[PDB]
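Each of two forms of one protein chain follows alone as structure tokens, named structure 1 and structure 2.
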Structure 1
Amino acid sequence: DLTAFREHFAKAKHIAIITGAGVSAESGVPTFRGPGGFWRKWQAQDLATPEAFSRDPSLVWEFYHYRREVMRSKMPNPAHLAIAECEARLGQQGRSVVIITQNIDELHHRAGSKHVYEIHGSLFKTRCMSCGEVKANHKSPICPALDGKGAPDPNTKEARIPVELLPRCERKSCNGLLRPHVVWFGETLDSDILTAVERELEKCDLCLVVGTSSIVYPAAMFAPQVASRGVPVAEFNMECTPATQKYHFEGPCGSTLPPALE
């Protein structure tokens, strides 16, 4: 019941919005997990790992360069926008909205959202493998050697870029190999980020889970914590629940969410 949800929405002083891959798929943004989610011969799971990067950094950078480049044509959707404008409007009223996103596409930022926790990192940040410095980076192409590389066809030839010509750290003293500042399979989420997220979740009085499920990860880490405080949770996702069924709005979030958050 949308009206019952909106009664909670009217009263909420601190909303936490958790977003998963569904919100990015609706912007035309490939996830690379699922039957369609091939890039050349590989799926995301094969490439987004430190072992792939150690043994073929050029291949992994071709993949991330492709993804960075494809974001130029993909735009925020009505769900991203509703979330951004909601935060702005409620902020003026002294009410807090925070976004906790699994997504690395920066679309929430492009939509206008300010209070955003990117728990998996970002496609458009680098981390230096040598000195550890994290830097925002939106250059197209990120380095000259990658220019025009990353084609997704299976029989596209590998660039095989010497490591010295991949993106490097710009402190002319370090010069270390950069990696995407993204959490890979086999890596831990940042402790400091999780502590901040725990604070926000503990203080919130309404939580929305958008383009993923409360029962799946990462929502499963944190939504239980909020539910056990007695706080209402509202899912917006395309997933069904059975017939013998907190709140669930089935469908594309770019349809459901702007109406819900009016």
Structure 2
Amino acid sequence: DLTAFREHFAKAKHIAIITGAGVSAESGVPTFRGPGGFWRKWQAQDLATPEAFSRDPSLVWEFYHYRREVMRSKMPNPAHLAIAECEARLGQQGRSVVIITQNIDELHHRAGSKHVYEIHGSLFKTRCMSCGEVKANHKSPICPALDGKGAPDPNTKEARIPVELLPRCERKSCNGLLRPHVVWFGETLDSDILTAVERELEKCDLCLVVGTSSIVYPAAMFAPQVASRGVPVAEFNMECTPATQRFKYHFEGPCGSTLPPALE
């Protein structure tokens, strides 16, 4: 029921919004599970792991370069902007809204959201392999040798770039190979971020889930922390619920239509 949510929305002093791939998918971003089926012919195993980056950093960078460049034509959808506007409107009332997102596309930041937690990192940050510095990087193309590269057609000539010409660390005494500041399969989440999110999710008195479900990662880590304190949880996703056993609040349909009415 809508007005039952809206009652909580009016009371709530500290909202936490967890976002998944559904929200990014409604902006046309390829997310390798739903839209953009696969890239070239490859799978996560030779693309999104530390092993695969050690074996073939050209191919991984080719892949991540593609995903940076597609963002120039993908824009924030109404869910992204409704959240961001809501944050600002509530923040000025002395009411917090924070975003915990699995998404690496920075669409929340482009929408206007400020208090964001990127638990899988960002396409537009680089971590250096030598010294470990993290830098924002929206340079297109990220490095000369990748210009026009990373084409998605399964029969494209591999760029096969010499490693010393892949993106390197601008701090001159280093010159380390960079990588996307992204959380790959088989790596761990950052401990400092998880603590901060624990703190926020303990503070919160209304938790939203958008583009994913509470059963599945990453919402399942914390939605037990919030629900166990009697905090209401609201899902805005595309999956249905059972014939009889409803959710407490669940709004089926696209986030672009469901969410902006909810947060006005």
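Note that the rigid core is defined as the largest set of C-alphas that superpose within 1.5 Å between two forms. Sequence positions of structure 1, starting at 1, serve as the residue numbers.
Undergrad: Would you indicate which listed residue, out of 45, 228, 54, 195, moves its Cα by 2 Å or more between structure 1 and structure 2 relative to the superposed core?
TA: With the rigid core superposed, the residue that stands out is 45.
Undergrad: Look at residue 28 and decide if its Cα position differs by 2 Å or more between structure 1 and structure 2 after superposing on the rigid core.
TA: Comparing forms between structure 1 and structure 2, the residue 28 CA shifts below 2 Å.
Undergrad: Once both forms share the same rigid core frame, by what distance in Å has the CA of residue 174 shifted between structure 1 and structure 2?
TA: After core superposition, the C-alpha of residue 174 moves 0.3 Å between structure 1 and structure 2.
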